[PDB]
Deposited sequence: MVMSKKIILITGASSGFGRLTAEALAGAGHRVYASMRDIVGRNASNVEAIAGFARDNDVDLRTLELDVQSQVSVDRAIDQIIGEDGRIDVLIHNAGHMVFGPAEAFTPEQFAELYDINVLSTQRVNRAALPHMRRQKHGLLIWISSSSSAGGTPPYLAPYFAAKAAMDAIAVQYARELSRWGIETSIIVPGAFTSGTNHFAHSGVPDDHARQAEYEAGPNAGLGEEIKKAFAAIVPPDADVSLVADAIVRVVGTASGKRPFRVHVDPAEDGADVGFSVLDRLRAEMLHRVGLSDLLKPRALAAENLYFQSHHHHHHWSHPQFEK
């Protein structure tokens, strides 16, 4: 029985994952921003599930955009439980529109939400996990960072691509500390540009209709019975695998956009390089 923290768990993969892990008997902290306001109903929904099923599912206020918020929440868990066994980076947020119409700040904000968030959380949690010389980081990545993708989500896909690159780096840099990494790669199963005038130029020029054309074409390739719970069940299986035998990436992509193939080539090239330079021990947590 593990102590687990998941970020951005108000709904989506985050929430089903927190519930499935708690179903598997773990002590699960399902964290999220603004539990008194914006997420009050989600808190109620999750709390009701936890009591109805008699599982150790707890909700925790954790705003990943605030270091002070993050620090407080990590201190609560450590003061209560002594450690974190599994850290699940899931907080995220996407957008749609012509990249040119998104402002520089918009891209920055996206980075904040999808990447800087993980760094705040890691900088808070990692000191404790490093003292244990043991632990598992799970990152919810995205098939888009190495598979076929639609146009019109650039600030989002950029941030996710950076997030996966960072996950990979930590995997190596934490391995001598005994910390394991597993990256979940979900396929296809939300803001817009602030520059309305620029977007209107796109709509009246050669890209007229492209936005809707993209949404429809990409919706159409998702199997109608594709279920987001597949991701939660992949995660319960990772957590339930013996230490040292966890997969590095798990692909859950009913639309089969190819990230399984892309990443398995990238993963192979990256390992090849570490063998080549005499650093193959970084491929395997101590």
(message) Let me make sure I understand the coverage. Which parts of the deposited sequence, in order from the N-terminal end, have no C-alpha coordinates here?
(response) 1 to 4, 194 to 202, 300 to 324
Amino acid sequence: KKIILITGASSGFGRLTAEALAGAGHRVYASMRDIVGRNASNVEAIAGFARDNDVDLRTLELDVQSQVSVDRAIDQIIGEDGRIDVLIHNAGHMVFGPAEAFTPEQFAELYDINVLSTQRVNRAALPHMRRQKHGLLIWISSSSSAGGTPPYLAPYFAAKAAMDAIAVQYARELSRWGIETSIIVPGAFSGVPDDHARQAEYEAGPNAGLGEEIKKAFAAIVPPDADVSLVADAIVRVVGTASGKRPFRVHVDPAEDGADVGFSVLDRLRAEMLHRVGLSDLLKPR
From here on, numbers count along this sequence of modelled residues.
(message) Quick check: 125 to 133 versus 163 to 171, which has the larger average CA B-factor in the record?
(response) 125 to 133
(request) Report the stretch with the higher mean CA temperature factor, choosing between 141 to 149 and 71 to 79 on the basis of the entry. (result) 71 to 79
(message) For the CA B factor values reported in this entry, which option in 190, 119, 90, 106 has the top one?
(response) 190
(message) Please place residue 23 in the lowest, middle or highest third of its chain according to the CA B-factor in the PDB entry.
(response) highest
(request) Check where residue 244 lands among this chain's C-alpha B-factors and tell me if it's the lowest, middle or highest third. (result) highest
(request) Sorting the chain's modelled residues by C-alpha B-factor, tell me whether residue 54 ends up in the lowest, middle or highest third. (result) highest
(message) Per the entry's values, where does residue 261 land by CA temperature factor relative to the rest of its chain, in the lowest, middle or highest third?
(response) lowest
(request) Please place residue 200 in the lowest, middle or highest third of its chain by C-alpha B factor as given in the entry. (result) highest
